$ cat protein_11.cif   # mmCIF, N, CA, C and O atoms and all ligand atoms
data_start
#
loop_
_atom_site.label_atom_id
_atom_site.label_comp_id
_atom_site.auth_asym_id
_atom_site.auth_seq_id
_atom_site.Cartn_x
_atom_site.Cartn_y
_atom_site.Cartn_z
N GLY E 1 25.69 -23.81 9.81
CA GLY E 1 26.72 -23.93 10.89
C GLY E 1 26.39 -23.14 12.15
O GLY E 1 26.34 -23.69 13.27
N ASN E 2 26.16 -21.84 11.97
CA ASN E 2 25.91 -20.97 13.11
C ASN E 2 24.46 -21.01 13.58
O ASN E 2 23.54 -20.85 12.79
N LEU E 3 24.28 -21.28 14.88
CA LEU E 3 22.97 -21.21 15.52
C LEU E 3 22.44 -19.79 15.40
O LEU E 3 23.19 -18.83 15.59
N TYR E 4 21.16 -19.66 15.10
CA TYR E 4 20.52 -18.36 15.08
C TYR E 4 20.71 -17.63 16.43
O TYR E 4 21.09 -16.47 16.45
N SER E 5 20.44 -18.34 17.52
CA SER E 5 20.49 -17.77 18.87
C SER E 5 21.84 -17.17 19.27
O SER E 5 21.91 -16.41 20.23
N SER E 6 22.90 -17.53 18.55
CA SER E 6 24.27 -17.06 18.84
C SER E 6 24.62 -15.76 18.15
O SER E 6 25.62 -15.13 18.48
N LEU E 7 23.81 -15.36 17.17
CA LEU E 7 24.02 -14.09 16.48
C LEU E 7 23.97 -12.92 17.46
O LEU E 7 23.26 -12.98 18.47
N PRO E 8 24.75 -11.86 17.20
CA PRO E 8 24.66 -10.71 18.10
C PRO E 8 23.28 -10.06 18.04
O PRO E 8 22.65 -10.06 16.99
N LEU E 9 22.83 -9.51 19.16
CA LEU E 9 21.55 -8.82 19.21
C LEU E 9 21.34 -7.90 18.00
O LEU E 9 20.24 -7.82 17.44
N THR E 10 22.42 -7.23 17.60
CA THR E 10 22.38 -6.25 16.51
C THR E 10 21.93 -6.86 15.16
O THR E 10 21.12 -6.25 14.43
N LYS E 11 22.43 -8.06 14.85
CA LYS E 11 22.00 -8.83 13.68
C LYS E 11 20.57 -9.34 13.84
O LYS E 11 19.76 -9.23 12.93
N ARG E 12 20.26 -9.88 15.01
CA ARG E 12 18.92 -10.41 15.28
C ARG E 12 17.82 -9.35 15.19
O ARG E 12 16.72 -9.64 14.72
N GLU E 13 18.12 -8.13 15.60
CA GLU E 13 17.15 -7.04 15.45
C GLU E 13 16.94 -6.59 13.98
O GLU E 13 15.88 -6.07 13.65
N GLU E 14 17.93 -6.81 13.11
CA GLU E 14 17.74 -6.61 11.67
C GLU E 14 16.78 -7.67 11.12
O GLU E 14 15.80 -7.36 10.44
N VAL E 15 17.07 -8.93 11.42
CA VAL E 15 16.19 -10.06 11.08
C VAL E 15 14.75 -9.78 11.54
O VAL E 15 13.82 -9.86 10.73
N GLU E 16 14.59 -9.42 12.81
CA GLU E 16 13.27 -9.13 13.40
C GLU E 16 12.53 -8.00 12.68
O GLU E 16 11.32 -8.08 12.46
N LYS E 17 13.27 -6.96 12.31
CA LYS E 17 12.70 -5.81 11.61
C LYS E 17 12.11 -6.23 10.27
O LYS E 17 11.04 -5.78 9.90
N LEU E 18 12.81 -7.11 9.56
CA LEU E 18 12.40 -7.53 8.23
C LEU E 18 11.22 -8.49 8.25
O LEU E 18 10.53 -8.66 7.25
N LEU E 19 11.01 -9.11 9.41
CA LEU E 19 9.91 -10.06 9.60
C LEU E 19 8.66 -9.41 10.20
O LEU E 19 7.73 -10.12 10.63
N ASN E 20 8.63 -8.08 10.20
CA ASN E 20 7.49 -7.28 10.66
C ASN E 20 6.22 -7.54 9.86
O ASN E 20 6.26 -8.20 8.82
N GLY E 21 5.11 -7.00 10.35
CA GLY E 21 3.81 -7.20 9.72
C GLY E 21 3.41 -8.63 9.99
O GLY E 21 3.49 -9.08 11.14
N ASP E 22 3.01 -9.34 8.94
CA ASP E 22 2.63 -10.75 9.06
C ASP E 22 3.69 -11.74 8.58
O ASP E 22 3.48 -12.95 8.62
N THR E 23 4.84 -11.23 8.14
CA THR E 23 5.89 -12.10 7.61
C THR E 23 6.33 -13.19 8.61
O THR E 23 6.58 -14.33 8.22
N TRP E 24 6.38 -12.83 9.89
CA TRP E 24 6.76 -13.79 10.94
C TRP E 24 5.77 -14.96 11.01
O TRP E 24 6.17 -16.11 11.25
N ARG E 25 4.49 -14.67 10.80
CA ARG E 25 3.45 -15.71 10.73
C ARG E 25 3.69 -16.67 9.56
O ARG E 25 3.62 -17.88 9.72
N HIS E 26 3.98 -16.11 8.38
CA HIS E 26 4.24 -16.92 7.19
C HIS E 26 5.46 -17.82 7.43
O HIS E 26 5.42 -19.02 7.14
N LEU E 27 6.51 -17.22 7.99
CA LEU E 27 7.74 -17.95 8.32
C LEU E 27 7.50 -19.05 9.35
O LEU E 27 7.97 -20.17 9.18
N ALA E 28 6.78 -18.72 10.41
CA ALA E 28 6.47 -19.69 11.45
C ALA E 28 5.76 -20.91 10.85
O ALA E 28 6.10 -22.04 11.18
N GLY E 29 4.81 -20.67 9.95
CA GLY E 29 4.15 -21.74 9.22
C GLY E 29 5.15 -22.68 8.57
O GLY E 29 5.06 -23.90 8.72
N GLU E 30 6.12 -22.09 7.86
CA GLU E 30 7.20 -22.83 7.19
C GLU E 30 8.09 -23.59 8.18
O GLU E 30 8.57 -24.69 7.87
N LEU E 31 8.31 -23.01 9.35
CA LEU E 31 9.12 -23.66 10.39
C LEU E 31 8.36 -24.78 11.12
O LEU E 31 8.92 -25.50 11.95
N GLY E 32 7.08 -24.93 10.79
CA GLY E 32 6.28 -26.07 11.24
C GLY E 32 5.35 -25.81 12.42
O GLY E 32 4.88 -26.75 13.04
N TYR E 33 5.08 -24.53 12.71
CA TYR E 33 4.17 -24.13 13.78
C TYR E 33 2.73 -24.10 13.29
O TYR E 33 2.44 -23.52 12.25
N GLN E 34 1.81 -24.69 14.06
CA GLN E 34 0.39 -24.65 13.73
C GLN E 34 -0.20 -23.24 13.97
O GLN E 34 0.38 -22.45 14.72
N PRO E 35 -1.35 -22.93 13.33
CA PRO E 35 -1.95 -21.58 13.43
C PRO E 35 -2.18 -21.08 14.86
O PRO E 35 -1.89 -19.92 15.15
N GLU E 36 -2.69 -21.96 15.73
CA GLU E 36 -3.01 -21.59 17.11
C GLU E 36 -1.76 -21.41 17.96
O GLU E 36 -1.74 -20.58 18.87
N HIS E 37 -0.73 -22.21 17.66
CA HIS E 37 0.60 -22.05 18.25
C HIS E 37 1.15 -20.66 17.88
O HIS E 37 1.62 -19.92 18.75
N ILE E 38 1.08 -20.31 16.59
CA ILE E 38 1.46 -18.97 16.12
C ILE E 38 0.66 -17.88 16.84
O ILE E 38 1.25 -16.93 17.37
N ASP E 39 -0.66 -18.02 16.86
CA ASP E 39 -1.53 -17.09 17.59
C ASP E 39 -1.12 -16.93 19.05
O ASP E 39 -1.30 -15.86 19.62
N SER E 40 -0.55 -17.97 19.66
CA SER E 40 -0.09 -17.90 21.05
C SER E 40 1.03 -16.87 21.25
O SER E 40 1.21 -16.38 22.38
N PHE E 41 1.77 -16.55 20.19
CA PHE E 41 2.90 -15.62 20.30
C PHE E 41 2.46 -14.18 20.19
O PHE E 41 3.21 -13.27 20.51
N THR E 42 1.22 -13.98 19.74
CA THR E 42 0.67 -12.64 19.59
C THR E 42 0.45 -11.98 20.95
O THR E 42 0.27 -10.77 21.03
N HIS E 43 0.47 -12.79 22.00
CA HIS E 43 0.34 -12.33 23.39
C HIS E 43 1.62 -11.72 23.92
O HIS E 43 1.62 -11.08 24.97
N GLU E 44 2.71 -11.91 23.19
CA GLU E 44 3.99 -11.36 23.59
C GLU E 44 4.10 -9.93 23.11
O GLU E 44 3.41 -9.53 22.17
N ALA E 45 4.96 -9.15 23.77
CA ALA E 45 5.27 -7.79 23.33
C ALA E 45 5.96 -7.82 21.96
O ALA E 45 5.65 -7.01 21.09
N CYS E 46 6.88 -8.77 21.78
CA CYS E 46 7.55 -8.97 20.50
C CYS E 46 7.31 -10.38 19.99
O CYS E 46 8.06 -11.30 20.31
N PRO E 47 6.25 -10.56 19.18
CA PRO E 47 5.90 -11.90 18.70
C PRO E 47 7.01 -12.54 17.86
O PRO E 47 7.29 -13.73 18.04
N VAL E 48 7.64 -11.77 16.98
CA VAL E 48 8.75 -12.29 16.17
C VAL E 48 9.89 -12.79 17.05
O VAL E 48 10.33 -13.93 16.93
N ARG E 49 10.36 -11.93 17.95
CA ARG E 49 11.44 -12.29 18.88
C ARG E 49 11.09 -13.52 19.72
O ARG E 49 11.93 -14.41 19.91
N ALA E 50 9.86 -13.56 20.23
CA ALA E 50 9.36 -14.69 21.01
C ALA E 50 9.36 -16.00 20.20
O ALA E 50 9.74 -17.04 20.71
N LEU E 51 8.95 -15.92 18.93
CA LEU E 51 8.90 -17.07 18.05
C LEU E 51 10.29 -17.64 17.82
O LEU E 51 10.51 -18.83 17.99
N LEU E 52 11.20 -16.76 17.42
CA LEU E 52 12.57 -17.13 17.11
C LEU E 52 13.37 -17.61 18.31
O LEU E 52 14.27 -18.43 18.16
N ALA E 53 13.06 -17.09 19.50
CA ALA E 53 13.66 -17.55 20.75
C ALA E 53 13.21 -18.97 21.07
O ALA E 53 14.00 -19.79 21.55
N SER E 54 11.93 -19.24 20.82
CA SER E 54 11.36 -20.57 20.98
C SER E 54 11.97 -21.53 19.95
O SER E 54 12.58 -22.53 20.32
N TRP E 55 11.81 -21.19 18.66
CA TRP E 55 12.40 -21.96 17.55
C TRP E 55 13.91 -22.18 17.77
O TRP E 55 14.39 -23.31 17.68
N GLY E 56 14.61 -21.10 18.09
CA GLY E 56 16.06 -21.09 18.28
C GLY E 56 16.58 -22.00 19.37
O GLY E 56 17.79 -22.25 19.46
N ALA E 57 15.66 -22.50 20.20
CA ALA E 57 16.02 -23.43 21.28
C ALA E 57 16.57 -24.77 20.77
O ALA E 57 17.45 -25.36 21.41
N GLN E 58 16.05 -25.24 19.63
CA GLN E 58 16.50 -26.50 19.03
C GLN E 58 17.93 -26.40 18.50
O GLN E 58 18.44 -25.29 18.30
N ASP E 59 18.56 -27.55 18.27
CA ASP E 59 19.94 -27.56 17.79
C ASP E 59 20.05 -27.39 16.28
O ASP E 59 21.12 -27.08 15.75
N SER E 60 18.94 -27.61 15.58
CA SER E 60 18.88 -27.46 14.14
C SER E 60 18.38 -26.06 13.72
O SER E 60 18.08 -25.83 12.54
N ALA E 61 18.28 -25.16 14.68
CA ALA E 61 17.87 -23.78 14.43
C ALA E 61 19.07 -22.92 14.06
O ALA E 61 19.49 -22.06 14.84
N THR E 62 19.62 -23.16 12.87
CA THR E 62 20.75 -22.40 12.36
C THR E 62 20.28 -21.21 11.54
O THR E 62 19.14 -21.17 11.07
N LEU E 63 21.17 -20.24 11.34
CA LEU E 63 20.90 -19.15 10.41
C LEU E 63 20.51 -19.66 9.02
O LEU E 63 19.55 -19.16 8.43
N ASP E 64 21.24 -20.65 8.51
CA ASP E 64 20.98 -21.19 7.18
C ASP E 64 19.62 -21.87 7.07
O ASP E 64 18.96 -21.77 6.04
N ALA E 65 19.21 -22.56 8.13
CA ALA E 65 17.87 -23.14 8.22
C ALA E 65 16.82 -22.04 8.15
O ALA E 65 15.78 -22.20 7.51
N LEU E 66 17.10 -20.92 8.80
CA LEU E 66 16.20 -19.78 8.75
C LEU E 66 16.15 -19.20 7.33
O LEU E 66 15.07 -18.99 6.77
N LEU E 67 17.33 -18.95 6.77
CA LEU E 67 17.46 -18.45 5.41
C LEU E 67 16.76 -19.38 4.41
O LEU E 67 16.01 -18.91 3.55
N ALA E 68 16.96 -20.69 4.55
CA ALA E 68 16.25 -21.70 3.74
C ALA E 68 14.72 -21.56 3.83
O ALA E 68 14.03 -21.56 2.81
N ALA E 69 14.21 -21.42 5.06
CA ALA E 69 12.78 -21.21 5.30
C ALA E 69 12.24 -19.99 4.57
O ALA E 69 11.13 -20.02 4.05
N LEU E 70 13.04 -18.93 4.51
CA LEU E 70 12.64 -17.68 3.87
C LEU E 70 12.56 -17.80 2.35
O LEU E 70 11.62 -17.30 1.75
N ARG E 71 13.55 -18.44 1.73
CA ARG E 71 13.49 -18.76 0.31
C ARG E 71 12.21 -19.52 -0.02
O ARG E 71 11.57 -19.27 -1.03
N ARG E 72 11.82 -20.45 0.86
CA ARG E 72 10.69 -21.33 0.60
C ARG E 72 9.33 -20.64 0.64
O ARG E 72 8.42 -21.06 -0.06
N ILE E 73 9.19 -19.59 1.45
CA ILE E 73 7.99 -18.75 1.41
C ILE E 73 8.12 -17.62 0.37
O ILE E 73 7.39 -16.63 0.42
N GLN E 74 9.04 -17.79 -0.59
CA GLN E 74 9.30 -16.79 -1.65
C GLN E 74 9.67 -15.42 -1.11
O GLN E 74 9.26 -14.40 -1.65
N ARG E 75 10.46 -15.40 -0.03
CA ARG E 75 10.98 -14.14 0.50
C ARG E 75 12.50 -14.13 0.42
O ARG E 75 13.19 -13.80 1.39
N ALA E 76 13.03 -14.48 -0.74
CA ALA E 76 14.46 -14.37 -1.00
C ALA E 76 14.95 -12.92 -0.89
O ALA E 76 16.12 -12.69 -0.58
N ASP E 77 14.06 -11.96 -1.13
CA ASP E 77 14.38 -10.53 -0.93
C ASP E 77 14.92 -10.23 0.49
O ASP E 77 15.85 -9.43 0.64
N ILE E 78 14.35 -10.88 1.50
CA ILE E 78 14.86 -10.75 2.88
C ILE E 78 16.24 -11.40 3.02
O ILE E 78 17.13 -10.86 3.68
N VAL E 79 16.43 -12.56 2.38
CA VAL E 79 17.72 -13.24 2.38
C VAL E 79 18.78 -12.37 1.70
O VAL E 79 19.88 -12.19 2.23
N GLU E 80 18.44 -11.80 0.54
CA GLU E 80 19.33 -10.89 -0.19
C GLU E 80 19.69 -9.68 0.68
O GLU E 80 20.87 -9.31 0.79
N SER E 81 18.68 -9.09 1.32
CA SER E 81 18.85 -7.89 2.14
C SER E 81 19.74 -8.10 3.37
O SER E 81 20.49 -7.20 3.77
N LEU E 82 19.65 -9.29 3.95
CA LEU E 82 20.44 -9.63 5.13
C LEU E 82 21.86 -9.99 4.77
O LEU E 82 22.77 -9.82 5.58
N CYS E 83 22.05 -10.49 3.56
CA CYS E 83 23.38 -10.90 3.09
C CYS E 83 24.16 -9.73 2.48
O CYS E 83 25.33 -9.88 2.11
N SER E 84 23.51 -8.56 2.38
CA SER E 84 24.07 -7.37 1.74
C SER E 84 25.27 -6.76 2.50
O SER E 84 25.15 -6.32 3.65
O1 LIG N 101 10.31 -3.10 14.95
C1 LIG N 101 9.83 -4.18 15.34
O2 LIG N 101 8.94 -4.78 14.70
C2 LIG N 101 10.30 -4.77 16.63
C3 LIG N 101 9.35 -4.91 17.64
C4 LIG N 101 9.72 -5.45 18.87
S1 LIG N 101 8.55 -5.59 20.10
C5 LIG N 101 11.03 -5.87 19.10
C6 LIG N 101 12.02 -5.76 18.12
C7 LIG N 101 11.72 -5.22 16.87
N1 LIG N 101 12.75 -5.11 15.90
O3 LIG N 101 13.94 -5.14 16.22
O4 LIG N 101 12.47 -4.99 14.72
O1 LIG N 102 26.27 -13.53 9.58
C1 LIG N 102 25.79 -12.66 8.82
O2 LIG N 102 26.25 -11.50 8.78
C2 LIG N 102 24.64 -12.98 7.91
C3 LIG N 102 24.92 -13.39 6.61
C4 LIG N 102 23.86 -13.68 5.74
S1 LIG N 102 24.17 -14.19 4.16
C5 LIG N 102 22.53 -13.57 6.15
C6 LIG N 102 22.20 -13.17 7.44
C7 LIG N 102 23.21 -12.85 8.35
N1 LIG N 102 22.83 -12.45 9.65
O3 LIG N 102 21.67 -12.15 9.88
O4 LIG N 102 23.64 -12.43 10.56
#

$ encode --input "protein_11.cif" --output "structure tokens"
Amino acid sequence: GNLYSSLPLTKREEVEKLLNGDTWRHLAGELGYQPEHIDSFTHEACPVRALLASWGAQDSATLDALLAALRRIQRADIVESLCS
């Protein structure tokens, strides 16, 4: 129901924190981004934030779609942690 982009900055920075390291790359793969497209975000100061801002532009970029993507890369631990 809720668009990712509509979440308060405070929630989005929790999401971003948990997607640190290479997790954002794994997630981006699941969201349908090609390797070189992903590599293009490494030029940003905040690659995770840049990715999700781009992804979040679509109308099907809901929190639940994001959460679904995370379960699929076997990172339900992040879903559990955010739902806590
Ligand atoms: O700690 C990070 O990995 C992080 C980095 C940048 S550039 C922006 C937001 C962040 N948050 O919020 O996690
Ligand atoms: O709306 C919420 O508080 C929220 C709930 C769940 S289950 C997961 C992530 C969330 N984030 O990130 O906002």

$ atom_distance --input "protein_11.cif" --atom1 "atom C of residue 42 (chain E)" --atom2 "atom C of residue 62 (chain E)"
23.8 Å

$ residues_near_ligand --input "protein_11.cif" --ligand "ligand LIG 101 (chain N)" --cutoff "7 Å" --atoms "all atoms listed in the file" --output "count of residues only"
17

$ residues_around --input "protein_11.cif" --residues "residue 63 (chain E)" --least-positions-apart "6" --cutoff "8 Å" --atoms "all atoms listed in the file" --output "list in words"
residues 1, 2, 3, 4, 5, 6, 69 and 70 of chain E

$ residues_around --input "protein_11.cif" --residues "region 37-40 of chain E" --least-positions-apart "4" --cutoff "7 Å" --atoms "only C-alpha atoms" --output "compact mmCIF listing (two decimals) with N, CA, C and O atoms, in the frame of the given file"
# COMPACT_ATOMS: atom_id res chain seq x y z
N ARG E 25 4.49 -14.67 10.80
CA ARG E 25 3.45 -15.71 10.73
C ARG E 25 3.69 -16.67 9.56
O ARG E 25 3.62 -17.88 9.72
N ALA E 28 6.78 -18.72 10.41
CA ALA E 28 6.47 -19.69 11.45
C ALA E 28 5.76 -20.91 10.85
O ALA E 28 6.10 -22.04 11.18
N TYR E 33 5.08 -24.53 12.71
CA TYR E 33 4.17 -24.13 13.78
C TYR E 33 2.73 -24.10 13.29
O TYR E 33 2.44 -23.52 12.25

$ closest_residue --input "protein_11.cif" --among "E:26, E:81, E:8, E:31" --to "residue 66 (chain E)" --atoms "only C-alpha atoms"
E:31

$ atom_distance --input "protein_11.cif" --atom1 "atom O of residue 79 (chain E)" --atom2 "atom C of residue 11 (chain E)"
12.0 Å

$ closest_residue --input "protein_11.cif" --among "E:41, E:80, E:73, E:36" --to "residue 55 (chain E)" --atoms "only C-alpha atoms"
E:41

$ axis_aligned_box --input "protein_11.cif" --around "region 24-40 of chain E" --padding-each-side "5 Å" --output "lines of an AutoDock Vina configuration file"
center_x = 3.1
center_y = -19.8
center_z = 14.8
size_x = 22.1
size_y = 23.9
size_z = 25.2

$ atom_distance --input "protein_11.cif" --atom1 "atom C of residue 22 (chain E)" --atom2 "atom N of residue 78 (chain E)"
12.8 Å

$ closest_residue --input "protein_11.cif" --among "E:29, E:64, E:71, E:50" --to "ligand LIG 102 (chain N)" --atoms "only N, CA, C and O atoms and all ligand atoms"
E:64

$ select_by_dssp --input "protein_11.cif" --residues "chain E" --states "alpha helix (DSSP H)" --output "PyMOL selection string"
chain E and resi 9-18+23-31+35-40+47-55+63-72+76-83
